[PDB]
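A closer look at the structure
What follows is the residue order along each chain.
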Amino acid sequence: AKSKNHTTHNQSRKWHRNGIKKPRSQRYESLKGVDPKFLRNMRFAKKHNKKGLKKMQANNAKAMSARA
Amino acid sequence: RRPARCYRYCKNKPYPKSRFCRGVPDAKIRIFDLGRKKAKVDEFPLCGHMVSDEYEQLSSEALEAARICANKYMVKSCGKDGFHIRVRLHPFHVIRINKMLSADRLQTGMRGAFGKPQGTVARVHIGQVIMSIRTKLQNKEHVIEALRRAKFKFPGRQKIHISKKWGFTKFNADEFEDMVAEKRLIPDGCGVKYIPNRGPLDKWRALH
Amino acid sequence: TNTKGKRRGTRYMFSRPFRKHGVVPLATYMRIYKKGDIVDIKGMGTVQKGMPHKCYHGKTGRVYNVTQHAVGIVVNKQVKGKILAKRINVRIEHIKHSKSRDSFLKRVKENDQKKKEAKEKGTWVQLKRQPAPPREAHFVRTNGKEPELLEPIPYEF
Amino acid sequence: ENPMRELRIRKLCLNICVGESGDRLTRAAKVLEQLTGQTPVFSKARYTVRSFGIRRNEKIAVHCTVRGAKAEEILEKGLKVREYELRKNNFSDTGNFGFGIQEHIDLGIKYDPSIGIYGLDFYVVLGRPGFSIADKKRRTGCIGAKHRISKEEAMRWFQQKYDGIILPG
Amino acid sequence: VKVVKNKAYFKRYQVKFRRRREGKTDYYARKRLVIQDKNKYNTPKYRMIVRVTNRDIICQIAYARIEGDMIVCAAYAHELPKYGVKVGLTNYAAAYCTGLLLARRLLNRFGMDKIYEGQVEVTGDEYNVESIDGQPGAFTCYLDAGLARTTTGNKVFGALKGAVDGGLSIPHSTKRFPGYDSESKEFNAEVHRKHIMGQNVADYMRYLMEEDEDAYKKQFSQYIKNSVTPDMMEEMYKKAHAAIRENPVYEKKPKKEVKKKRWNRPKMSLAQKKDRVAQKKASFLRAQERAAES
RNA sequence: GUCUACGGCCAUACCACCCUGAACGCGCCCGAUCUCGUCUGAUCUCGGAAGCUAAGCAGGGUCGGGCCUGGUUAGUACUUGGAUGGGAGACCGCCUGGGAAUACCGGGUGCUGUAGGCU
RNA sequence: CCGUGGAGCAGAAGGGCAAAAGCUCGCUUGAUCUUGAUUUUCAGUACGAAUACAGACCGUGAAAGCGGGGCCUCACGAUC
RNA sequence: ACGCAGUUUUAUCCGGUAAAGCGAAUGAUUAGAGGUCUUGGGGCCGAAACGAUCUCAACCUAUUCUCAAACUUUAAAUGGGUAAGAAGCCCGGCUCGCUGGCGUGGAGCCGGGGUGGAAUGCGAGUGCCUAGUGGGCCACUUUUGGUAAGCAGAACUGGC
Ligand SMILES: [Mg+2]
Ligand SMILES: [Mg+2]
Ligand SMILES: [Mg+2]
Ligand SMILES: [Mg+2]
Ligand SMILES: [Mg+2]
Ligand SMILES: [Mg+2]
Ligand SMILES: [Mg+2]
Ligand SMILES: [Mg+2]
Ligand SMILES: [Mg+2]
Ligand SMILES: [Mg+2]
Ligand SMILES: [Mg+2]
Ligand SMILES: [Mg+2]
Ligand SMILES: [Mg+2]
Ligand SMILES: [Mg+2]
Ligand SMILES: [Mg+2]
Ligand SMILES: [Mg+2]
Ligand SMILES: [Mg+2]
Ligand SMILES: [Mg+2]
Ligand SMILES: [Mg+2]
Ligand SMILES: [Mg+2]
Ligand SMILES: [Mg+2]
């Protein structure tokens, strides 16, 4: 009652029935896995960007609109 | 002794005597030179060698029988110390045997189908030289007849060629007598040493 | 039944080739590995700590994370189902740069300089990389000598 | 007519290899203490014989290296015992020579009844200014070819100083 | 006839390294001293390299790039008579002096002169360099011992002490300075200040002037043949540290050239080599023609 | 035209032998009282400066051994794809493309960064 | 004195290693506690093993740094 | 114009098979020559003596014969990954509790400038539910075991 054990015949033809797909697109890539000390940098940097970017960038926009 | 009809042209990877075999018996042939072993280079001018045509395996017992037949014809033709024969081929491939009936079905099927080492054969490429005989200039036909007698005993189809080279060395017989006397080649027993010009000057000072 | 452990076929691949057995050079360390850098993977037998796997040798990936004395690389590995982007942590000794992206940035800088010259001087420059064109109707020279007659040699063993 | 290339006494080795450990080896270390005025150092295995009873990691031999004027004095005592007559095969091909003595009380030692009669190996090496190159930790360089000490230079040194005899037989 | 010494050993000989065959590196310590952690991506790692040679000590601070090592500042021992120390150029006192000169010259190059004065009064205490907030921070550097064995009393630690008292924030321990007892764990600062000022070699000069003047005339000759007396040495190093701290600017030499050059033999050409071989061939054939008859 | 300290390239830069080295510099060297660790100041540390380039070191040379590079081997051994090609088979030949290595011979044997000093 | 791994690295082999990962000496348990991520067989599930991290207490070292077991490849186990 | 490809090209890495070699490491293996260090066996000068010498073995040197799926200096063809742009460059400025000589470095955020950036073909992405399948075979080429099989077992592609 010996049977055929293992083969990879008729496998690439099944693979190319659907055109094997790259993930091909991740705009603004996934962030998990990166260094937790770098995350402790980046989250506080982002929320203080939300806090204190207003007036200096506003005056810089006024200055660059006056210059050009 | 199984016939040579079941051990023939190459089908397996080379399986030599090594750390992994450990069970091969001794080969049939042990010696390879039968003529004047201590001959010089200038004694026997010409040589004839035996070229294979089929990519086959030659057995050590066939090499034994062929060197015995060639030695017998050489000592009948040109006598003792009138020739120098060298079997260029060396057996290293070890065949395997799967013996049975050891008249019943009740010993083993194809359960463990691995072979014990039976004998030693030699894989021969197309154009590889089997034997080479160096002799005098007057013994041209006798080398041809000896290799013809060995042709009927080796299996397959193979041809003969009287070499352009001066015996076993890789240098030409036309340039030999013009070049061994002046500068380069010095005899070293039966072999020939070729000296380049990229040596220390002390060798050239010891020469000349 | 091949007993798929780790590095079961690496008698030659994780070895130093010839006249290179010894301590590692320091220019392997003294490199700039930032995010987005396209790097290659080449295994080293000297440092037995952070070699990736026998499957990722010779592959090419993108850097996402950099740490104290290693780096993090995403690699498109092909398996039975579909190719997958996989996040690996590889040490610095196993990783070199890829010169293909540097050559592409050199070509982009040359295209920018030629585009600035085109906007300055009104010259249509044909900045697209065309492939190898067919040869034009050029002209040969055979003066002084007749063309040499060749015939095949006879067979000599 | 030779710039500062003078052969000198680099060191002097003292070795006693006792066939067993314990009292006789301790008294041999006491003899080397009586010669040198400093403590010896013991030796050990890398071979086990069993034909006479030594084991692995036993104190088999005592040895001591002496340098300087004390080395010159013990060399003077050894050449006084041999009466300045070496043989030709004592000189090695590297320029160093050993001879060894028996009856260590001949060196000028009052014989004690408790110690016994020991023999003592004498091995002399020769030195030149510039042999610290292969020994210093920073730049371990070669000695050289015109600087190394040879058989002929060693035997002519022993002919010149101390008035020695070659004994070619 | 004996051994099979060198047939393919020259063909399979793997050379170690250029600097290792010269005997100047080890790289088992350099691979951990030099290489910066990759979280910073550009930040240079500053290393004070202190090398001791006969008649000259060298104190530098350098970092690494892939093309080589970039030296920011460098001090030497042969420039100490310009600052006051005429003789005694390879002692613990000149090691501390060269370390202080290197630290002051580095901070003069960076422009951090008015802040971070360091330890002015040399006492030999464990005055570690602190960082003042609201100001540019301290200079973080790390030692290089090289191939020298680090034992208590090695003057690479004296150059370290000079750097720390000059104001370089280098982490170190107090159990490798000279004066640290090997059995008792306490450290003595008076012995260390004494060994900085060099009062022990003053006591040895007193020992030579009292016991045997033959050795005092044999060695220490440049000392007594310009001037050395211990009260002037104790005042001399004290004035030399202030002479360092008042002017570390490193005035240079013009040197420009007197352009003349013939010292070294050049290589001979291929045709010249082959014609030397041909002259050897012709001379040996002339010898075979002549000496066989004569 | 050079050397020293740290190096990058890791034998075009190693090994054997023979010559050359003016000025700095490198060293061998002169000795253990303090710091130091050993049987031994031989090794490591400590304060030098009476000699020397004999050695280390820097150059040059050996029809030098190795290394690298280039011809020959060689469009040869191999090889993607093809045939109702040959041959009983063993293998071999052709179309289209790619195409390696040893003996043999010729050429080289260090290039450079930072900082510092001598003609 | 020559000595490029021709020895040794606990064991079967392969890779790697010379002021070393080998031998000797001095201290020490980082063979510690905790949360995530990734690789390996893979269905991209688990176990086991491993890697880079992060937070405490530390050991060694002059410091750089190294160490959360064995130079790496195996030496081990679900519900109740 | 967004984008994709069982494809090629342009650059960039990766491998260790075919081949070839072992006068190159490891393992085998053949024969001759030269040399004198060494012990082992014969012979001569002869009380005996490395006192001298003939012969042999081993060793070394330079050669030479033949190989290795579990050897390799070298090293193919075929093959695998990546890039061939607006998600890409350049300029200016804020934030950071990460890092730190330095407004030093690195990440994030904001504003502005120019899209004609290899060939060929194709209009693409994505979600849910589920049947059947889980006994295969044959053919060129590369191979494992066996003497061989219409035998048993693998790789690519094609067919039943
Ligand atoms: Mg089935
Ligand atoms: Mg393989
Ligand atoms: Mg160290
Ligand atoms: Mg003392
Ligand atoms: Mg003491
Ligand atoms: Mg001394
Ligand atoms: Mg000289
Ligand atoms: Mg010298
Ligand atoms: Mg030379
Ligand atoms: Mg040469
Ligand atoms: Mg084909
Ligand atoms: Mg040696
Ligand atoms: Mg092993
Ligand atoms: Mg090995
Ligand atoms: Mg160590
Ligand atoms: Mg931690
Ligand atoms: Mg092959
Ligand atoms: Mg259904
Ligand atoms: Mg089948
Ligand atoms: Mg069946
Ligand atoms: Mg059909």
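In what follows, the accompanying structure is described. (Residues numbered from 1 in each chain as written, not as in the entry; some residues may be left out. Chains lettered and ligands numbered in written order. Part of a larger assembly, values for the part shown. Heavy atoms only, no water.)

Quick look at the overall build of chain C now. Helix and strand counts for chain C come out as one helix and five strands. Listing each helix as α and each strand as β along chain C from the N terminus yields β-β-β-β-β-α. Each principal axis of the C-alpha atoms in chain C carries an extent, and together these give about 70 × 70 × 40 Å. Evaluated residue by residue, chain C yields a buried proportion of 24% over its 157 residues. Considering only residue pairs separated by 6 or more positions, chain C has 51% of its internal contacts joining residues 24 or more positions apart. A total accessible area of about 13,000 Å² is found for chain C, and carbon and sulfur atoms account for 53% of it. Here chain C contributes 38 positive and 13 negative side-chain charges, whose respective centroids are spaced 19 Å apart. (Helix = DSSP H or I, 4+ residues; strand = E, 2+ residues; numbered from the N terminus. Buried < 20%, exposed > 50% of the residue type's maximum accessible area, 1.4 Å probe, protein only. Contact = heavy atoms within 4.5 Å. Areas by Shrake-Rupley, 256 points an atom, 1.4 Å probe, with all protein chains shown as cover. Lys, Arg positive; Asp, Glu negative; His and termini not counted. Charge placed at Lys NZ, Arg CZ, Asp CG, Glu CD.)

Looking now at the interface of chain C and chain E. Across the boundary between the two partners, chain C contributes 15 residues, which contact 16 residues of chain E. Buried surface at the junction of chain C and chain E, both sides included, amounts to about 1,600 Å², of which 65% is carbon and sulfur. Sorting the residues of chain C by area buried against chain E places C:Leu26, C:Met30 and C:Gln68 first, and these three jointly supply 34% of that buried surface. Here chain C and chain E share zero salt bridges between them. Class assignment for the residues of the side of chain C that touches chain E results in ten nonpolar, two polar and three charged. (Buried area = accessible area lost by both parts, 1.4 Å probe. Salt bridge = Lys/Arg side-chain N within 4 Å of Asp/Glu carboxyl O. Nonpolar A, V, L, I, M, F, W, Y, C, P; charged D, E, K, R; others polar.)

Further remarks concern the protein's contact with RNA strand G. Near RNA strand G you find 61 residues, and of these C:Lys6, C:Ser15, C:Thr46, C:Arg87 and E:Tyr9 are the closest. The share of sugar and phosphate among atoms of RNA strand G within 4 Å of the protein is 75%. Between a sugar or linking oxygen of RNA strand G and a main-chain N or O atom of C:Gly45, the distance comes to 3.3 Å. Within the contact set of RNA strand G, a sugar or linking oxygen lies 3.3 Å away from a backbone nitrogen or oxygen of E:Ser173. Within the residue set of the surface near RNA strand G, elements represented by two or more residues are α2 (36–52) of chain A, β3 (70–77) and β4 (84–91) of chain C together with α2 (30–33) and β5 (142–144) of chain E. (Near = heavy atom within 4 Å. Polar contact = N/O pair within 3.5 Å; in protein donor to acceptor, adjacent residues only side chain to side chain.)

The grouping of C:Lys20, C:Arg31, C:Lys42, C:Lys96, C:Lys99 and C:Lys106 at the surface amounts to a positive patch. By secondary structure assignment, the location of C:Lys96 is in strand β5 (residues 95–97). (Patch = residues over 30% accessible without salt bridge, like charges linked within 9 Å, V, L, I, M, F, W, Y side chains within 5 Å.)

Residue and element names in this part refer to chain B. Note that strand β2 (residues 56–59) and strand β5 (residues 116–124) share four bridges and pair antiparallel. Along β5, the bridge assignment pairs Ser-59 with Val-121. By the bridge criterion, four bridges tie strand β4 (residues 93–97) to β5 in an arrangement that is antiparallel. Considered in β5, the bridge of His-93 is made with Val-121. (Pairing = 2+ DSSP bridges.)

All right, on to the environment of D:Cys13 then. All names here are of chain D. Following the sequence through the fold, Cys-13 ends up in strand β1 (residues 8–17). Judged by its relative accessible area of 23%, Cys-13 is partly exposed. Taking the C-alpha atoms as reference, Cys-13 lies 9.1 Å from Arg-67; in sequence the two are 54 residues apart.

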